[PDB]
Amino acid sequence: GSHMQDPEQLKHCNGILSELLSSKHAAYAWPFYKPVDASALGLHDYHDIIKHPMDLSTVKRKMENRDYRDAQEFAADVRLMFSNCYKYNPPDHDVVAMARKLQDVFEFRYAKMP
Ligand SMILES: Nc1nc2c(ncn2COCCO)c(=O)[nH]1
Numbered sequence: 341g342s343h344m345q346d347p348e349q350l351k352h353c354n355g356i357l358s359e360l361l362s363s364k365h366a367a368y369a370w371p372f373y374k375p376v377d378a379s380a381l382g383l384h385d386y387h388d389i390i391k392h393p394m395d396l397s398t399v400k401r402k403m404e405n406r407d408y409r410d411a412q413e414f415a416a417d418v419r420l421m422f423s424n425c426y427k428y429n430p431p432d433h434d435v436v437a438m439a440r441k442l443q444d445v446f447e448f449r450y451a452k453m454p
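341 is the number of the first residue of the sequence shown in the entry's author numbering; add one for each residue after it.
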């Protein structure tokens, strides 16, 4: 059920999303900018292991099209994106180190929900 705080909380979500895509975090955010191109990377098992792909360009499109109805729905997709990375890759892989740093950015600012 829609709350009157939902538009404002979604604005905070959109702010976080803008930050995740900004130059400030680009050194570790870039693997998450676009959908994993499994074939191009030779990751021919990716879509057998990851049943629900997610990436920041897909989150952005969903925010722009008002697909997300509340902050929780946005947050679940962002976390899905990170969880896919932790599921597919070995935990010492550099892409996982980048995921953890970007998720720290996400979680600490998401916790600042006004
Ligand atoms: N190994 C691997 N590469 C990824 C993953 N997520 C993002 N990338 C890198 O894609 C960006 C293009 O080089 C992932 O989970 N698997």
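C-beta atoms are modelled at their ideal positions from N, C-alpha and C, and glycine is treated no differently.
With 16 or more neighbouring CB atoms inside 10 Å of its own CB, residue 394 falls in the buried class. The stretch 401–420 makes no contact with the stretch 361–368; the number of CB pairs closer than 8 Å stays below 3. Taking each of 376, 347, 442 in turn and checking the Cα distance to residue 391, the smallest one comes out for 376.
Within 8 Å of the C-beta of residue 368 there is not a single heavy atom belonging to ligand 1. When rounded, the separation of the alpha-carbon atoms in residue 424 and residue 452 is 25 Å. Residue 356 counts as buried, since at least 16 other C-beta atoms from the protein chains shown sit within 10 angstroms of its C-beta.
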